[PDB]
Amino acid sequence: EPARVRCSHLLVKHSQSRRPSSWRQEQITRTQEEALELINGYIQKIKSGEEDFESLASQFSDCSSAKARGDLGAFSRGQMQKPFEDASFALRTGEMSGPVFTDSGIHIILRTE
């Protein structure tokens, strides 16, 4: 396992998220179910080729990394929430995760380095 991996991600927050608000929406009102249904909509569209991961990220991600097209930059273990961390180091360079849950919300992760 490298010391650090670089990843990009798309985050869909929901009304039960740790901090239910984001740069794009003053208050996150969508339910947990609606958030996972969105994440899965984005996953099937990225797999079909209909949408690009980084464009959907820059547009709909509730994480401020949206401005950097989803890029979180590099990180070692013991920094990010453990579900996110495990899923990221498990990814090959260029591989996309399926739904990933953390207190912040639901994630789709793309390992770049």
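Counting begins at 1, following the sequence as shown.
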Inset, instruction - Going by the recorded CA B-factors, say which third of the chain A35 sits in, lowest, middle or highest. - result: middle
Inset, instruction - Would you mind checking where the Cα B-factor of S15 ranks among the modelled residues of its chain, as the lowest, middle or highest third? - result: lowest
Inset, instruction - Ordered by C-alpha B-factor within the chain, which third holds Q27? Give me lowest, middle or highest, please. - result: highest
Legend entry - Entry-reported Cα temperature factor of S61, expressed as the chain third it lands in: middle
Inset, instruction - Consider only the C-alpha atoms of the modelled residues in this chain, order them by B-factor as the entry records it, and name the third containing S88: lowest, middle or highest. - result: lowest
